[PDB]
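Contents: one structure, followed by commentary.
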Amino acid sequence: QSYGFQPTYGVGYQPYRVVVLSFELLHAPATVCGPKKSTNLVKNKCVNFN
Amino acid sequence: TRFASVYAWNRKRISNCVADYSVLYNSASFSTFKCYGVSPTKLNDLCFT
Amino acid sequence: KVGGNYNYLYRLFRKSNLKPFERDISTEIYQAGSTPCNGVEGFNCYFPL
Amino acid sequence: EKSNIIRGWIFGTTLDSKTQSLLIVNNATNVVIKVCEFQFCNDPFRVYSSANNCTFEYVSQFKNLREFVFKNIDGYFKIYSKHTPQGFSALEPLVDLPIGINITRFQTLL
Ligand SMILES: *[C@@H]1O[C@H](CO)[C@@H](O)[C@H](O)[C@H]1NC(C)=O
Ligand SMILES: *[C@@H]1O[C@H](CO)[C@@H](O)[C@H](O)[C@H]1NC(C)=O
Ligand SMILES: *[C@@H]1O[C@H](CO)[C@@H](O)[C@H](O)[C@H]1NC(C)=O
């Protein structure tokens, strides 16, 4: 059955968009990540590097 | 703005790319944030398939 | 049954990472304004009791 | 062979319905994950073929001995290559595909 959507309808019947994102568990090589850091570089000083 | 109907929803597979989660989390245009287990800091510190 | 009423209640939120044997008798809520994890007046800030 | 007769390879696990349909003439095309139905391959002078639910892609750039080594270990597919029998010469890596699927059979396109 078709929805009835009008600008004068109530908030309960107002149209709303829902996006559901589901990520699978770790069972395969990873392909989706995020940016880590962009820290600057220093020289001639005792530092801990990663 | 063009989304499919609820009975005929469109499934999009996203992989083999870097995901940016800060843009979604720093926007007030969204109201629902019901996420289970994950927190906005956590999911940026690991990777999935 | 009926006896328990606003008397037995635990804490759910973050921040307090108390060391062993510490009593955190506080009602801290971010009803003041922030930006990273929402937390302005209503979002990502509730009553953890 | 001093020619361009051979260009790509086909890999598969059960009945060549698995991944790795390659075409590496100059511009190496995607290591696709489609299943089967390649159909015509005599001397294309055309591209492409029938496809399926592809789930990966990739695009990159005496006589000569075109030599390769193909490995699949720990969910990683690895290729080593050289262009130029006695003598000694090491092989340097080219790519590293995280596809991580089983391969047990392979054929050649030519
Ligand atoms: C070079 O790349 C183009 C993509 O624009 C492709 O069409 C062409 O087939 C490639 N060259 C060879 C020899 O395959
Ligand atoms: C691609 O693979 C999935 C998983 O096996 C399958 O459900 C789907 O039907 C396949 N797509 C096509 C077009 O066959
Ligand atoms: C490869 O085969 C093994 C055993 O035959 C199986 O456990 C594994 O899931 C297969 N790999 C893929 C990607 O299906």
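Values in this text are rule-based calculations from the coordinates and carry no lab data. Note: ideal-geometry Cβ built from the backbone for every residue, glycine included; neighbour counts use all protein chains shown.
List of remarks:
- Residue within segment B:9-25 that is in a helix (DSSP H, G or I), of a type in the set (A, V, I, L, M, F, W, C) and more than 9 Å from chain A (Cβ to nearest Cβ) present: yes
- Residues of segment D:12-32 satisfying the condition of being within 16 Å of ligand 1 (Cβ to nearest atom) and more than 14 Å from chain B (Cβ to nearest Cβ): D:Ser21, D:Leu22, D:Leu23, D:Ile24, D:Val25, D:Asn26, D:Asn27, D:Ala28, D:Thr29
- Selection from segment A:10-35 of residues that are closer than 17 Å to B:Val38 by Cα, surrounded by 11 or more Cβ atoms within 10 Å (Cβ to Cβ) and more than 9 Å from every other protein chain (Cβ to nearest Cβ): none
- Residue within segment D:37-55 that is basic (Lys, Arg) and more than 16 Å from ligand 1 (Cβ to nearest atom) present: no
- Scanning segment C:35-49 for residues that are closer than 16 Å to B:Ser27 by Cα and away from every other protein chain (no Cβ under 12 Å) yields a total of 1.
- Condition check for D:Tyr58: in contact with a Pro (Cβ under 7 Å, 6 or more places away or on another chain), within 14 Å of chain A (Cβ to nearest Cβ), away from ligand 2 (no atom under 16 Å from the Cβ) and closer than 24 Å to B:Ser15 by Cα: no
- Residues that are within 15 Å of the chain's Cα centre (by Cα), loosely packed, with under 15 Cβ neighbours inside 10 Å and either within 16 Å of ligand 3 (Cβ to nearest atom) or within 18 Å of D:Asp96 (Cα to Cα) (or both), drawn from segment D:3-16: D:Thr13
- Residues in segment D:43-59 that are farther than 25 Å from D:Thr104 by Cα and exposed (fewer than 10 other Cβ atoms within 10 Å of the Cβ): D:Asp43, D:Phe45, D:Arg46, D:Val47.
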